[PDB]
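So the structure is just underneath, and the comments pick up after that.
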Amino acid sequence: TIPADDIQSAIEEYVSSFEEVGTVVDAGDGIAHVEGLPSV
Amino acid sequence: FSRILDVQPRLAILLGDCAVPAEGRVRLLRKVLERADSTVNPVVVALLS
């Protein structure tokens, strides 16, 4: 007795529920690491 | 539930999102679970959530 519905379009019920600025985490000597910016 | 989670790992991976906040995660999760009531027990849902 398991949820064998196989209606994974229920994932759709959630997917449908869904300017980029990052932040310097460390810097020095001319190098900088930037957290964020998922689409660079 | 581990069986049905592994055999179609799409749902497994879309639950492995590290950076994404977990409120939508648990929403999605319980929701998919109590989509059917073959999981009458709620404490399983509490554990997994």
Side-chain angles (χ1 to χ4, degrees):
Chain A
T1 320
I2 61 172
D5 298 334
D6 205 15
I7 324 173
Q8 302 313 312
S9 300
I11 301 296
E12 178 275 356
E13 311 173 1
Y14 170 78
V15 174
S16 284
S17 296
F18 292 168
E19 205 161 12
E20 279 177 31
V21 164
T23 309
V24 181
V25 287
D26 69 75
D29 301 295
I31 293 313
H33 289 99
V34 183
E35 169 178 47
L37 297 178
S39 74
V40 281
Chain B
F1 171 52
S2 68
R3 298 194 218 171
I4 66 172
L5 192 152
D6 198 307
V7 298
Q8 47 188 250
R10 155 81 279 162
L11 60 89
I13 294 169
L14 53 85
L15 287 161
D17 51 355
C18 192
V20 192
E23 64 272 14
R25 256 199 293 280
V26 298
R27 168 91 264 176
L28 175 62
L29 184 57
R30 60 208 174 183
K31 187 190 59 80
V32 165
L33 293 171
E34 308 285 358
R35 191 214 292 157
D37 193 19
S38 64
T39 179
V40 173
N41 175 285
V43 80
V44 49
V45 177
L47 271 76
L48 54 83
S49 66

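Letters A, B, ... are given to chains in the order of the sequence lines, protein chains preceding strands, and every chain is numbered from 1.
Counting only distance, with no hydrogens or angles, the side chain of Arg35(B) and the backbone of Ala10(A) share no donor-acceptor pair below 3.5 Å. When atom types are taken as modelled, the side chain of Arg30(B) and the backbone of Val45(B) share no donor-acceptor pair closer than 3.5 angstrom.
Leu33(B) is not listed as a side-chain neighbour of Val44(B), based on a closest heavy-atom distance of 4.5 Å or more.
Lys31(B) and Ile11(A) make their closest contact through NZ-N, 4.5 Å (heavy atoms, listed as atom of the first residue, atom of the second, distance). The shortest non-hydrogen separation linking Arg25(B) to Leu15(B) is CD-O, 3.4 Å. Closest non-hydrogen pair, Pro21(B) versus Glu23(B), comes out as CB-OE1, 3.2 Å.
Clustering ILVMFWY residues whenever any of their side-chain heavy atoms sit less than 4.5 angstrom apart, transitively, puts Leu37(A) in a cluster other than the one holding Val25(A). Hydrophobic cluster membership differs between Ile4(B) and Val26(B), with clusters built from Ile, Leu, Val, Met, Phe, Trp and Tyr side chains linked at under 4.5 angstrom. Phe18(A) and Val32(B) fall within a single hydrophobic cluster, where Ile, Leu, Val, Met, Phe, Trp and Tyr are joined by side-chain heavy atoms under 4.5 Å apart, directly or via other members. Note: the hydrophobic cluster containing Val40(A) also contains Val34(A) (ILVMFWY, side chain heavy atoms under 4.5 Å, direct or indirect links). Under the 4.5 Å side-chain heavy-atom criterion for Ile, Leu, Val, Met, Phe, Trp and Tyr, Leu48(B) and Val40(B) are members of distinct hydrophobic clusters.
More than 12 heavy-atom neighbours from other residues, nucleotides or ligands sit within 6.0 angstrom of CD on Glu20(A). With a 6.0 Å radius and a threshold of 12 heavy atoms from other residues, nucleotides or ligands, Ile31(A) has its CD1 atom at or below the threshold.
The side-chain hydrogen bond (donor to acceptor under 3.5 Å, both in side chains) contacts involving residues 36-49 of chain B comprise nothing, where partners must be two or more places apart or lie in separate chains.
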Could you give me the CA-CA distance, side-chain angles and deciding distance for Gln8(A) and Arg10(B), then say whether side chain to side chain contact (heavy atoms under 4.5 Å, CB included) is met?
CA-CA 9 Å; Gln8(A) 302 313 312; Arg10(B) 155 81 279 162; over 6 Å; no
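A side-chain contact (heavy atoms from CB on, under 4.5 Å) with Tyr14(A) holds for exactly one of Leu28(B), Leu29(B), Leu14(B); it is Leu28(B).
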